Structure formats: C-alpha cells, structure tokens
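Okay, so here's just one chain, in structure tokens, the form solved without the ligand.
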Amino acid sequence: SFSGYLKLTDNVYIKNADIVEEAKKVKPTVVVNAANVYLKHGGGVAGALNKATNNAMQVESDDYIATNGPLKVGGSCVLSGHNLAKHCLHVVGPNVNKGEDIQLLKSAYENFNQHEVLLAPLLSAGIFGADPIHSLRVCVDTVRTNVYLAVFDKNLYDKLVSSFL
C-alpha cells in the first residue's frame, strides 16, 4: 500500500513525505525511528513520531530504558508502533554532532535486514549531522529488505534523487 515512491533499486524506494503522515496513512508493519541511545525522542524524526503518539512512545521508551539500559550506537530495539505502525524499530545511527563514528551507519542500517518491509527515514541525516547523500548510499548498499524512505525536505529529496548513482 506504499504509493508515490520512486524506485531507486530492487529493494529501496524513496518519497518526499512526512514520515508521520506516511505512517498514519499506510500503518506499516514497521516504522523506523531515528533514535538516540537513551530513546529520548526530543526532536527531528523522533520528536515528531513521539508527538504523533501523544507521548505514548516516550512513556514506553522510558520503561524500556529503565529495564534494559541504553542502546548501543548502531543498535536498535523493537517497541510498539502505537497509532503509527504495528512496530517501531528504534535505530540509533551515529550522531556526527556528538562526534560519533560515521562508520557505525552501516551497522545501524543492518538492523533493517531483520524486517521484510519498513517505512524509514535516512539514518543519521537531519539533526544527526551526517551527509544524507552518504546515508542513502549506505542504505542501498546495506539494506536487502524492502525499505520505503520518507524524506521530509523537498529540496533534499530532489538532490538525493538527482545525485543517485
């Protein structure tokens, strides 16, 4: 039921869309969150997804952290998708603004391979500070399952499509 996506490869699709609106429309089995190790969904994609859940994502996340401790950079956990999806896969890409190793972006994308189909943002893009062109490249070269990428910014979406090798 994903509609309006441009096909980049055999398994990677892209659309200029607000991932919250896309999740509400599609109700995918998995929506990926651009999480941090503490699951503190303050801003960027995480802040927007959490706000769409009326903070239920944050309440669930705080209980998860209280039980399990923080995630690793490059790691993930599966939690509820609330009103957005069946599940939310919280994936921690490296935050270059915190000096985290950009080489961990491939490990972060490997989490997507545990799910046959996902709605996702570009990991480490936006407020995480990585080059979104590089994130898309790592995505296509790492993810083998079906990934539907939602890119919020039209100007960035156009740049990503027009520069895609």
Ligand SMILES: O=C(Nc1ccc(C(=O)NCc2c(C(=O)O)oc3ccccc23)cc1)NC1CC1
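In this text, residue numbers run from 1 along the sequence as written.
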Problem - Of 11-19 and 152-160, the one with larger mean CA B-factor - result: 152-160
Fill in the blank from the handout: Averaging the C-alpha temperature factors as deposited, the higher value of 34-42 versus 101-109 falls on 101-109
Problem - C-alpha B-factor winner, where the candidates are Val26, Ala56, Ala120, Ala48 - result: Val26
Fill in the blank from the handout: Entry-reported C-alpha B-factor of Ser124 relative to its chain, by third, is lowest
Exercise for the section: Give the position of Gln114 by CA B-factor within its chain, expressed as the lowest, middle or highest third. Expected result: middle
Exercise for the section: Consider only the C-alpha atoms of the modelled residues in this chain, order them by B-factor as the entry records it, and name the third containing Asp131: lowest, middle or highest. Expected result: highest
Exercise for the section: Relative to the other modelled residues of the same chain, rank the CA B-factor of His90 and answer lowest, middle or highest third. Expected result: lowest
Exercise for the section: Check where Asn68 lands among this chain's C-alpha B-factors and tell me if it's the lowest, middle or highest third. Expected result: middle
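Although not depicted, the form deposited with the ligand bound is the subject of the following passage.
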Practice task
Classify as open or blocked. Procedure: superimpose site C-alphas, place the ligand with its pose in the bound PDB entry, test each ligand atom against backbone and C-beta atoms at 2.4 Å; 3 or more hits mean blocked.
Solution key: blocked
Exercise for the section: Indicate whether the ligand has at least one heavy atom within 4.5 Å of a heavy atom of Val138 in the bound PDB entry. Expected result: no
Exercise for the section: Using the partner position in the bound PDB entry, report whether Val147 sits within 4.5 Å of the ligand, counting heavy atoms only. Expected result: no
Problem - Contact test in the bound PDB entry: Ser124 vs the ligand, heavy atoms, 4.5 Å - result: yes
Practice task
Consider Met57 of the chain shown here, and say whether it contacts the ligand in the bound PDB entry, taking contact as heavy atoms within 4.5 Å.
Solution key: no
Exercise for the section: Check each residue of 48-77 against the ligand in the bound PDB entry and list those with a heavy atom within 4.5 Å, in sequence order. Expected result: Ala48
